Structures are given as C-alpha cells and as structure tokens.
Amino acid sequence: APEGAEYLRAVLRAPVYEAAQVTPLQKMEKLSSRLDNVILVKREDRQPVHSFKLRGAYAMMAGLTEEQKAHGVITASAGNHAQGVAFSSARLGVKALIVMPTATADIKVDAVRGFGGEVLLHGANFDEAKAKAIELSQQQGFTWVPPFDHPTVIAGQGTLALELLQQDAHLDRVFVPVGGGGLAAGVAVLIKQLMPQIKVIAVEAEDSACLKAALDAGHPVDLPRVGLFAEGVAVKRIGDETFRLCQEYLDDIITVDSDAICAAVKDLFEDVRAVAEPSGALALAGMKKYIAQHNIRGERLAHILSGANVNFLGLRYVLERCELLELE
Amino acid sequence: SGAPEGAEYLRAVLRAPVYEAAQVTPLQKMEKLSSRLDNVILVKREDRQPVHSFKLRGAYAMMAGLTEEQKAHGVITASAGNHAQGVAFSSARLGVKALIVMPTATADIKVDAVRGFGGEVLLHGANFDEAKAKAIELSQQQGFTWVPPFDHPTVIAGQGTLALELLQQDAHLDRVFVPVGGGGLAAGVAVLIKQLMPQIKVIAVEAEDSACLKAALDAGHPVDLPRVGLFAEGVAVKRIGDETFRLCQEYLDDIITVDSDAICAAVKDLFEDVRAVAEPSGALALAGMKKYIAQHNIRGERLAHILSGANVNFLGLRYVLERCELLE
Amino acid sequence: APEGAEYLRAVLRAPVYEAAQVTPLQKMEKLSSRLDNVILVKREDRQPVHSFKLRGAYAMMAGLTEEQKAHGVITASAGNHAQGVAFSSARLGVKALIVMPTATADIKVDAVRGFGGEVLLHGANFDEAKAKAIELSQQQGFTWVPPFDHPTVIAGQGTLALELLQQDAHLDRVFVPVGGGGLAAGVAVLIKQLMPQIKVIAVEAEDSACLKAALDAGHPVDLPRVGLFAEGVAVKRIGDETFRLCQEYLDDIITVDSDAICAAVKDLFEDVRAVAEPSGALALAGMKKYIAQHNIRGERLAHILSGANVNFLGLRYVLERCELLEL
Amino acid sequence: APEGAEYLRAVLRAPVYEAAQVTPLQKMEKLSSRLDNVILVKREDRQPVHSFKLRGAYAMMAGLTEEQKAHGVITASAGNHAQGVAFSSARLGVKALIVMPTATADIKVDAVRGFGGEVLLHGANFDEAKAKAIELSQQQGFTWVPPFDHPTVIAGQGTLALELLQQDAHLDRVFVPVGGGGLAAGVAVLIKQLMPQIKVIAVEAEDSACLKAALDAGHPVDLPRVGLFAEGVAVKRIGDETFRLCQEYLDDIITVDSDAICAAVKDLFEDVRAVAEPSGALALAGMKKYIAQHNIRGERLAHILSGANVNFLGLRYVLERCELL
C-alpha cells in the first residue's frame, strides 16, 4: 500500500519497454472538427498483444524472484490479460499457464498459445476459471498474476500516463476505461503526482459499473450481474488497491450504454482506421457524453483505445446497433 | 510507348518512380489458412499503402511521366474511390493541380478522403458515366490531362512494381492470384512475371457478376457487359481495357470467378489471420485462390494473393458479416 | 529562480519532441567487460543536429511570445548551439541570425545555413562574436537565445534525464559534461526530483573548469584563460542559474586532461562506431577516471555523448595523442 | 558457368533479405555541387556487419544442403568476409569456424565472435590461414565459403545492383570496387541483363590491380606484390568466374593511388558523416578520377561505399595525407 511518491518511482522502475512500446497519441480529425475540441486517442491497440495489459503483466512478472520464475506463473483470463501474460512469459523465459473458460473461442485460445502460453480450458464462466487458477496456484506452486489488483501491475499501466504527459503536456482531461481499475489507478496516481491540473475521469459501461457502485457505497462491493458486451471490463468487484487509488485521485466518473459504445467503435474506424473492441471504445463514448453534459469547448481531451482484440462474428451486434442509430 | 513488347514493359517497371509516393508492402503468411488448406498462403498487403490500395503505383508513375507543360496544366479524372485517392495523393506529392469529378450522390467520407489527400473535387452527374463525360469535356476545354484508371502502358508498368517486389520477397512462389477490374493490375503483374520468372503461374480472379475479362476472353476481344455488380466496387468495370486485355490474353495462365459469399468468407479470413479489414475487391483474389485450391486439388505449394485495397464503408460491413454468420 | 517541483513540470511541458527525438541508451561492451561495470552511453549525436543542444534551443524558442518571433532571434555560437537555433527557427518559422567568429570553418557555417539560419561572420574570438550579437540584439530587437543560462533552456535539456530514468531506472551514477552548465543543471535537477538516490557527477576539462572554480569560490568567477581543444565546453564563466542548480544538486565533480579525452574518443569509436567530438567524449573520460579513483565495481554508470560535429582535419590532434598513448 | 539470364534468376532467388537489408542510396550534396554531377552513394556500411559481404555469404550458405549445414562451414578471413560468414551462420543456425592470422587485431577477432563465429588463430599471413582452413575442410568436412569466386556469392552481391535500379532508374554510371571481383561481377551481370545502357566501371587500387592485370593478359594471373593499405581489396589473383563475368560485362576499368583514396575518405565523412575504410572509399576515388579524365557533367553517378570496418589508429595516416593535399 504505497503512497503517491512511491508509485511515481515504481512507474519509472517498471521495465515495460523490454516488451511493450511507446504508443502514438493521435488526433481524431473528423471528431475534433465535429465536437469543437482537440480529441486525441492513445493507441494501445498498437502494442504487440493489441492491448495495454502487456505493460502491467510484464512489470509484475519481471519483478518476481528467481524462485518464483522457476515455478512459473498462472492466471485466469478471457483474452487480453492472457495474451499479456503469455507474451511476457516468452520474453522472460518463464512457464505460464492460463486458465480460460471452456466456452472460449478457438481464436482466443490460439492467440494465447501463439504468444507462448499454455492454456487450460476449465469452467462454465470466468469465476470457475479463476477458482481453478487459484487452486492450481496453491497446489503446484505457480505464482498468480493478477489482472489489475496489484501495485506492480498498477505501476506498469502507469507508464501509459507518463508517455501522455511527454507527448502532450497541455492536456486538459484524460478519460480511462475501467474494469477492475488497474489502468485507471495507474493513470490517476501518476498524473496526480506530476501534473495534477489535468482531470482524470473514469468511464464505465452501465451494466458493468462496479467502481460507480463501490464509490456510492464507499468500499468495494459485488455486482449482482455484469454485462458481457464489453468483455474486458466485465468485472464484478473493483480491486482493493485500485479502489484506494481511484477513490483518492479520480476527478469524476461517467457511465454509458451499449449504444454510445457502438457509436464510438464507428467513430474510431472512420478517424484512425482501427476496429476497436467494445472496451477499447468505452473511454471515447464516455468523453463524448461528458463533452455534451458539461458543454466542453476549446480543450485538449484524450481517451485510451485500450484494446482491439475483437471477435469477427461479434461485430454483427456492434454494426446492427450502429444501423439502428442511423434509422434515428 | 503505345503497345510495347515484354522487354520494354520490364524496363518501364524499373523506371517507374513509384517509391517517391508508394512503399514496398509486406508479403505475409496467413498462418491459420495455411495450416487449414495445406499450402503456404501469402498475402501482399497493398492496404498498407498511404492511400490503402495499390492504385497509387500506377497513378504516380503515369503522372510523374507527364511533360512539364502537362503538369502545369493539371490532371483530371473521374472516380469516387481508390483511383481518385491515388490521383489526389500523387498530385500533392508532385505539386500538380488535380481535379477529381464524382457523382453528386457520392458520400461525404469518400469526398473528404480525396480532399484530405490534396485533390480538388467537382461533384457532378447522376451516375459514374455522367461524371466521366464531364471530366473528359473539362479535359478538352481546360487542358487537363486525363489520368486513366487502368488502360495506359505507364499505369500498367506502375502496377507491375508490385510483382517485381514479390519476386524479391519470395522467388519460390508457385502461383499468384490477382483481382481484375479493368485489368491494369493483372496486366502489370503478368507481363512482369513472364519476363523474369515465367514458371510462376498468374491467375486472374473476377466477381461472377462483374467478369468483363472472362467475357472478353470468351469473345477474343473487349466486349461490353450488360450489367455489372456493385458489391465489389473496385472491380465494377463494364469493359476491359484494350492494352490490358492484350497483355492479359497474352500472359495470364488461368482465370477464375467467385460469387459474393466466397468474397465474404475471404474478408473474414483476412481479418482473423492478418488483422486487416479488406474491402470486397481486396478479398476477391483470396476467394479466387481458395476456389482454385479446391478445384485443382493443390497441396504443398506457395500461393500468393494481393489484398488490393481496404477502403471500406463501416456500415457496409454488416452485409459481409450477415453472410458469414449464415455460412455456419 | 524556480524550485525543483517547478523544473519537473517545465521538463514535462518542454515541447522538445517536435524537433528532437528520444536517443538510444547503449551499452559499451568492450569497455564494460574491461572496467567491471555496466557502462551505458546516451547517444545525443543521433539528434538531427548531432548534439543535445537542440532540446534546450527548441524549448526556449517555442516558449517566446508571438511578438518575439515576429522580431526574430539572435545568438552567438561556435558550432552546436548555432545548429540548434537554426533548426528550431526553421521548424518554428522564425528568423534566426547567428553571429560566429570569422575563423569558423566553412563546414560549420554551411551547416548552420543548411539548417536555415542567417550567419554573420564577425569577431576574432567568441567574445567579440557574442558582443556583436548582444549589440545587434539591443539595437534591432532580436530576442537573444542563451546557450545555457535560462530556466527554459535548462528544462529542455532536462528531457534527456527523464528519458534516462525511463530507459534504465537501476542506474547508479550519471556523468555529464559541463561547459556553461545548462545540461548538467537540467540533468541534475530532474534526477534529484524523481530518483535522488542516483548520483550526478559533473565532468570538466582541466583548462576549462569554470564550474570547479565557481564551486571553490562559492559563486561564478571568470577564468583567465580557457582551453580551446574541447570547443563546446570552452566557457569562461559558469551561468548564474546553472551554477545555483549545480551547486545544489550535483553529487561530485571531476576534471580530466587532453589525453583522457582523446582516449575516450577512441573508446567510443570502437564500442559504438561513433566519432565523438572532444566535448562529446568528455563525460566518458571523467567516468573512467572516477571508476579508478573510487574503485567502482559492478555498478551501472551512464555518460552522455553530447555531440559529434567534428572538424575532419581537426581529428589529426586526437589521433596524434592516441598514437602517443599507444607508444 | 551460367549465362546472363541464369544469373538474373539467381539474383532474384538469393534470400539475402533474411539477413541483409536494403541500404540507402544517398546523394552527396557538397560533392555534387563541387563536381557538377548528381553523385549518389550506396551505403553498404549500413548492413548489420557494415559491409556488403553479408549478401554473398548468406546467399551461398542458405543454398547449402541440409547435410552440409549440419557439418558446418569454414572460411579464412581477418576482416569483412569473416563477419558476414559469422553473421549468416547465426541466422541459419549453422556452426562456422573462421581461421585468421595469429597477428589479427583483438577488435577484429572479437567482432567475429560477437556475431556468432568460432575463431581459430593460425598462420603468419593470410595464405597460411587459408591453407589451414582448407586442411580443416578436407579432414572434418566443413564447407568452404569462398569470399568471391562462386556463382551464388556473385548472385548474392548482385542483389545490390537490383536495388540500385529500383532506387534510381535514371542512373548513368555505377562505380564498383574490385578485390577478387565478386561484387563487380554481380553488379555488372545484373545491370547488363536489365538496363544495359548503364555503364559499370571497376575501380582498383594501383597497388592491388589483379583485375587490370588479368585483363591485360587475357586470363587470371598472380600479382607479385599486393598493397595492404586497402585490406579488403588486397587480393593476389582474380577469381575464375568473377573474371569471366567482369571481362564480358564491364564497360571500363580505372585505377587510383593512395592519396585519391584518402581524399575520398574525407569527402564521405563530410557529406554522409561516415568513416569509410580505404576499400569502401575506393569507388568514389575512381569516380572522381573518371569525372576529370572524361569531363563528365550533369550526369547521375553512383558509387558503392562497400565497408566501414576501420582501424581507428589507421586514420592517422589518412588524416596526414589529407592535410598535405
């Protein structure tokens, strides 16, 4: 449980650039002209695993002891965290086992194996895959790699915000997607240590708003049901350490429905020619709603395209909603 | 430079200054498709060009070859898509005025793409034919040099640089599959390869409802098609070019046609193997190759196709995805 | 006189990456095994102008007022600062006049002109060139671009240190060449705000040690004579604001002679295939002498290759001294 | 003894881009203004081993059978060829032994070891190291990787000329340095198959003109003494196949003295900021002499910076000659 000062030094020490790279901060030209603001996208889809999660996973796994590395790492994931851990394991020479639910698509399982990870199909949902991963952790001595709730993982995602401040120090507000809150905690703790004038706003899907629920209650709480449309942010309970940072450093939170998310997927395809996954377009959808609700004009605003690992046939849903939005 | 022989085309391909605007594009193995089809299946990534289609090669070679008088008088063409984007980019890079005529009903995103590349756009006509008629009239009135989309020896040599790159990126290639609209790309690839590695088979691929080259090969000369399908916009060509048909009839090894559903399946294959979203004409050649592999029971070979373009309407993707879902 | 926190925010705000770029931090293999330390070199020669000075020049010039750019900028420089101001003016669309001594090599003034700067040849030495530059500045109203003594110039150079910390946070010590003191002040203030456990060592040539003289006296002092071998560090008086920061944040200082500098040129050519100018190999020379004097083993030590704009014929002196060392 | 058409197909089939890269063709701005020609330099010093030799070595080594690769490769070289063979062996996963004279400088032995080659120091000169290389080849079954006299080596270097034609098709003349003639043969045969109107001119140091000697006699002869200043072109006898191709396809040959080479080293340092070794500046020197001898103006002229693996202390002699000029 470090203070902001220690987090800043951990962000600097995190060796993310042995696996991840500095990603472009690109102006969205069509959307900037339309919304009377300078809107910039942090293109985390350009990482080797096509999401940001490589940063925190590699940071945590490089920081393990020689003993822990020799016994390998385990985790449970539906996709993006699995590719982060598989890729980091190949680079570090460490055995990695990823438990995924039995219903996981072959393309996702293949991607994890292609990056050098061992895959175990187990469980009817993510909760049963995580139970198997923790059980196997204690039984066979694998080290558990948490997808968000860990200071070294938060520091790793914080490298993203450090790049932002050097790529554009005149930023006014940064919009961050939230699942368990690893990324939001890293961005918010880093920015509040270096350039606290910049507003950090968390964005959540309406049917997956576990941080909003935790903020309302004043502590982490379980959601009764989590929507599955945005896979990456389908988290039932915000993390303990991530909530501590988010409750302390976030300036605001906003929620958006499936329609806004799909509109943002279309916006990013037309402005930067990338197909974001729904959780990758989430922060943009929040920013667009924030801009209208608060009548924001003349500012420099950034959102994180956090991932672009999309199911091809799953794009039918996104495109159908976009067609339905045209009819109105 | 009116009806050149093979040796004169070869030297023309070396002389085309395409690398002042275009770039050498990757030749990638499609891993999933290669393991599934028992061949090494490679894709030439022409979507990686600055205008996201190969048409920059022919347009820039032809426009850079014009006299100092013609350049000072500017160029003109009629197009709503890739050819217009290639002419606009070339004119910006050569510092030459370019006017592009499009039908008044053309979508804003198409018009703005050509404008963003540096081309003046004149909206005129109720269809492509009237847009072309205006452009030819303005060519006679105001002295613009018309830039043909395929039927020109310098345009053909410009596209031929694609095949010269292929021979250096993989000289162990067995067969190359090429989409055909008016025949410019196929003529350049065929004449180049038959001058340097004649043992490589070059096979043209056409949409069933847009096969003006199969019609011209059946008749022995260029003929007009009654109706042309519009699904694959890039290859919606009513009549093959005179010079391209001369080279295609002389140097092609085979031709094949595929229906809309085969194209849609190819779009899905390219999104899952190389993470690109091809437009229908850009997946045409892969559709052609997959039918050819099955009809001829081909195994253990090295086969290449050209992803010729990736300028896609986002909302147009829902038909492609609907057909893919019906395909299982 | 900003505080450490203000310098940190100034470093982050410095728009240096509109002109300069992030330079490699390379390991020197041959030297590392020989001296039993991991020795890293920051390759500032890889900047478009082939010295670090682009960072501070562009930051200061981008930060003027629209009125100041309309009137233009002036500076006096013998080489590397001139190419930084020339390049920054072309990128910013600003008029730049550079006063250089009449004896400046044609290759140096052509490089400044090639980068898009007006050159005025005047003066028997750098002093008379600076005097004419300040004179034209008061008369015609050109904004003077200081080579080192300016918070925004210092903040610009500080971006080098911020890169170092993200490229290797397990560094033990960083060795910095010192002329006027802007780079050493940027590097030292930045690192002491973020990773104060890291040691920052200034390195000066013996016949140009105006920071050593200033530290001995407790204030900036004038040097009677300054050696001209290492052109970039041939400064007679340390800057006021750079001295304040250097006195406050530096961990140590060391001086070296012409033989050490020439030996460090040979080292850099054989390990990383670069021809450093004498000022660019200076920090390495200090590092080697520091390692021996303090018996340093098993540490991670970085120096800055600050520039590689060498007069070809001027290399005879360096090669001559290296042959004498070989004998 | 393949024909021109066969070499062309060899150049296309050479898999050089698995180890080597397409190098820049750069205009020399200062020298182009001074000499009233567009003077372009092909920067083969930017190859991973800092010489063109990685092209020929990788193409030959990749063309070996699986059994040959399993038995390993051997060569004799104290400089650039050693680094090319070493680097190719690391990319192909093949064992390589390199025999070098016992007096070879440490930095040269370490550069070959760093690229992944086994070094055996043996012999009082190059001839004694080569004899040990062939001996170890005949006993243990190492495949001998020739530095120049081999059709696949020649076709590997010829990729350099195929790049040149696509980088600038309005080239008038190309100048190539010659040691054993593998580079010149590959460049000359490639260009004469595709754009024969382009002149190819061999350049040789006077102290090492084994190709001019072979052309005078009409067949490969032995040079009595060879100059060692330009190490990479210090070859006693032109190859058999490289001479056959050079004699048929070159347009001209020109020699230069040491001072011309030194002046060219200074020109390249001031125009492109590289320190060429003497063999790498040889082509430029020949081109400057050619330009004056034939009053060439307003043309597009290319030379090959063939290598920049230089001895630092050796620069003292070059610098002294440049000050005297």
Side-chain angles (χ1 to χ4, degrees), chain A residues 9 12-13 15, chain C residues 4 7-8 11 16 22-28 31-32 35 37-47 51-53 55-56 148 154-204 211-212 215 232-233 242 245-256 260 264 267-268 271-272 276 279-294 296-307:
Chain A
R9 286 187 298 279
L12 292 158
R13 290 195 245 253
Chain C
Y7 265 112
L8 169 50
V11 168
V16 304
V22 180
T23 52
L25 175 58
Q26 301 171 351
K27 181 168 174 185
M28 302 171 72
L31 203 63
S32 278
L35 303 181
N37 289 281
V38 177
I39 298 177
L40 310 170
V41 44
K42 183 70 168 162
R43 304 283 315 275
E44 286 299 311
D45 54 312
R46 299 265 221 222
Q47 297 282 5
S51 88
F52 71 89
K53 295 199 158 130
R55 300 166 179 276
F148 52 88
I154 292 161
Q157 329 293 18
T159 61
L160 186 154
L162 188 54
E163 291 166 18
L164 273 181
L165 297 184
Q166 302 170 90
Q167 282 167 315
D168 187 348
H170 296 342
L171 277 168
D172 287 295
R173 308 171 205 246
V174 181
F175 292 80
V176 182
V178 176
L183 173 67
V187 165
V189 73
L190 188 271
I191 284 182
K192 292 315 185 173
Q193 286 294 123
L194 297 186
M195 286 295 244
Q197 335 84 39
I198 294 170
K199 309 283 179 255
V200 190
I201 327 286
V203 182
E204 258 176 335
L211 170 60
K212 191 61 216 142
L215 290 170
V233 300
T242 67
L245 296 177
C246 281
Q247 175 184 65
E248 166 67 16
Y249 294 114
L250 284 180
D251 285 284
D252 214 341
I253 184 166
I254 190 164
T255 54
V256 295
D267 290 337
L268 287 155
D271 255 323
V272 307
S279 302
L282 175 63
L284 175 57
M287 180 207 279
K288 287 160 74 200
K289 185 187 174 191
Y290 201 88
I291 282 159
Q293 284 189 326
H294 291 258
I296 295 171
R297 306 203 136 231
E299 293 191 10
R300 305 189 65 88
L301 311 162
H303 70 93
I304 297 144
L305 203 167
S306 35

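Reckoned from all heavy atoms, side chains included, excluding hydrogens, waters and symmetry mates. In what follows, every chain begins at residue 1, and chains take the letters A, B, ... in the order their sequences are listed.
Residues C:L211 and C:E204 approach most closely at N-OE2, 2.7 Å, considering heavy atoms. In terms of heavy-atom proximity, C:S306 sits nearest to C:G280 at OG-CA, 3.4 Å. When all heavy atoms are compared, the tightest approach of C:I304 to C:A283 is O-CB, 3.8 Å. Summarising the geometry of C:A285 relative to C:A264, their closest heavy-atom pair is N-CB, 3.8 Å, with the distance given to 0.1 Å. Between C:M287 and C:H303, the closest heavy-atom pair is CE-N, 3.7 Å.
Scored by the side chain to side chain contact (heavy atoms under 4.5 Å, CB included) test, C:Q26 finds C:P24, C:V41, C:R43, C:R46, C:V272 as partners (sequence neighbours excluded). Under the side-chain hydrogen bond (donor to acceptor under 3.5 Å, both in side chains) criterion, C:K199 pairs with no residue at all, not counting sequence neighbours. For C:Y290, the ring-ring contact (aromatic ring centres under 6.0 Å, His included) criterion is met by C:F175, C:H294, not counting sequence neighbours. The salt bridge (charged side-chain N to carboxylate O under 4.0 Å, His left out) test applied to C:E248 returns no partner, not counting sequence neighbours. C:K288 meets the salt bridge (charged side-chain N to carboxylate O under 4.0 Å, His left out) test with C:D267; sequence neighbours excluded.
In this structure, the separation between CD1 on C:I296 and CZ on C:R173 is 4.0 Å, given to the nearest 0.5 Å. To the nearest 0.5 angstrom, C:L165 atom CG is 7.5 Å from C:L171 atom CG. Interatomic distance, C:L164 CG to C:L160 CG, rounded to the nearest 0.5 Å: 5.5 Å. Here the straight-line distance linking atom CG of C:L162 with atom CD of C:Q167 works out to 10.0 Å at 0.5 Å rounding. The distance from atom CG of C:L305 to atom CG of C:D45, rounded to the nearest 0.5 Å, is 4.5 Å. Between the NZ atom of C:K212 and the OG1 atom of C:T255 there is a distance of 8.5 Å, given to the nearest 0.5 Å.
Looking at C:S279, its side chain never comes within 3.5 Å of a backbone N or O of C:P177 through a donor-acceptor pair. Remark: the backbone N or O of C:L301 is not paired with any side-chain donor or acceptor of C:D172 at under 3.5 angstrom.
Checked by atom type, the side-chain pair C:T23/C:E44 shows a donor-acceptor distance below 3.5 Å.
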Under 3.5 Å, side-chain donor or acceptor atoms of residues 183-196 of chain C against the rest of the protein: list the pairs with distances, not counting sequence neighbours.
residue: C:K192; atom: NZ; partner: C:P196; partner atom: O; Å: 3.1
residue: C:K192; atom: NZ; partner: C:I198; partner atom: O; Å: 2.8
residue: C:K192; atom: NZ; partner: C:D251; partner atom: OD2; Å: 2.7

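Considering C:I39, C:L35, C:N37, C:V38 as possible partners of C:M28, the one that fulfils the side-chain contact (heavy atoms from CB on, under 4.5 Å) test is C:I39.
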